[PDB]
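First, one chain by itself: the form deposited in one PDB entry, in structure tokens.
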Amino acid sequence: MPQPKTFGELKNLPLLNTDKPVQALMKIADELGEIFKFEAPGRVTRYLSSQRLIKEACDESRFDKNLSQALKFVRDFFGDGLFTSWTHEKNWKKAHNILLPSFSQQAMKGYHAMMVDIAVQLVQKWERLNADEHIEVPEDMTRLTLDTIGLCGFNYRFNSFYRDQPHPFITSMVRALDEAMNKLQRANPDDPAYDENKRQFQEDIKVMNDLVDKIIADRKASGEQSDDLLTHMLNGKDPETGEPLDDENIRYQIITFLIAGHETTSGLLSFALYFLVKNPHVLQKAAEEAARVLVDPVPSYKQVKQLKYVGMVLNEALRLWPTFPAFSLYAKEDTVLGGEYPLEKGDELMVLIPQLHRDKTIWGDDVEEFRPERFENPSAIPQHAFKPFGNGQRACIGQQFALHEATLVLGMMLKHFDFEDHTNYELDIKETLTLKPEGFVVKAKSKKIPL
């Protein structure tokens, strides 16, 4: 099996001592091909990049979700929430069954009004800019997506658009995820030099956990008859065990949904707008759909479902830059991958989603081009070729929520504004386990359509 350059007794570990590890891993994959071994002290994994091999890795009878080294570190705050629990933990399947009804079609129609509430605040912010003022795109998209999960999921208002600086929850969430990414490259984690990093880390987690207490305390005290994600967490019973979630698991789910429910979606909207302003003919086509379909001051749920081309733009943005770029798997038993790489039970794999999404045998030769038309008929895509939301029973539970929000917001953006890439921005991808085009700015000129 191919393997990139090694560093003596540190093996390949120094290759991930960079600000852009995923981007470093993609270039290794370009150099070495569909599979490559990556060793660290006392650790080994195999990075897969081709649909040929990933279609076997997505075989659930042979491989199950692994918690990567990164996810093990985040589990200190995510606990046994849906995202950081093993498939075999009781709390995974319980919460899985209890919370899927929160993403039913009827649940989605119920979220739509509060999504519009936040989308209108975004549009109003941009409409209220003075001449020649610009937009900080990932910053405002994070304002929107954080507020949307807070309100739709928990009837809690982060009021991000009333702030020039990030919400304290996000300040502690980013620093706590920074501490988790730095534990990967640190030899002796229980050494006195990191005594204060750990002090910071645990105070950043109590910031996040104090908000959680408030969301819970205000639901119990509230009179309003709510039917949202928190309703199901507090009241839903698992049809299989007959049990509801317990108090400590509930806290983990709230923290999980608040973080997983906004970061990757903000990344998606950021990349989508980036590709639109870089591809003016695509932007014009998407804008024409938005104008044709969104005939009312606020979009209906049905109208969002009719934004076919906008949906295609979002999928094409997810192909080039899947915002959660790598997922980890482990072999359920001894097995042979691709008829030439034998694996033993427990052997770990990493699916490099951006490399899978550039497989020339599936997508053709123009893999770097932004062409939404490749999603004209989504059924034409072979199995396991397009995986921005993961695999099987461990796939993203919030997929339809993220895509409905992103389609709604992007449709309104295209309806209400013309956009200008006034700095001719140079794509610079920031990695914090998720991806975002750092420093992306635009100018918007309103088409002066009332809300």
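Start at 1 and count along the sequence shown; that's the residue number.
Unshown form deposited with a small molecule bound; subsequent notes refer to it.
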Using a 4.5 Å heavy atom cut-off, which stretch among 297-305, 117-125, 275-283, 323-331 contacts the small molecule in the deposited bound form? 323-331
What I'd like checked is whether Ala29, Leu53 and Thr361 together line the small molecule in the deposited bound form, meaning each has a non-hydrogen atom within 4.5 Å of it. no
Work out which of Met181, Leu129, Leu343, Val367 lies within 4.5 Å of the small molecule in the deposited bound form, going by heavy atoms. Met181
Evaluate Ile135 for contact with the small molecule in the deposited bound form, applying a 4.5 angstroms cut-off between non-hydrogen atoms, and reply yes or no. no
Although the small molecule is absent from this view, report whether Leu337 comes within 4.5 Å of it in the deposited bound form, heavy atoms only. no
I'd like to know whether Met350 contacts the small molecule in the deposited bound form, with contact meaning heavy atoms within 4.5 angstroms. yes
Contact with the small molecule in the deposited bound form for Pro21, defined as at least one heavy atom pair within 4.5 Å: yes or no? yes
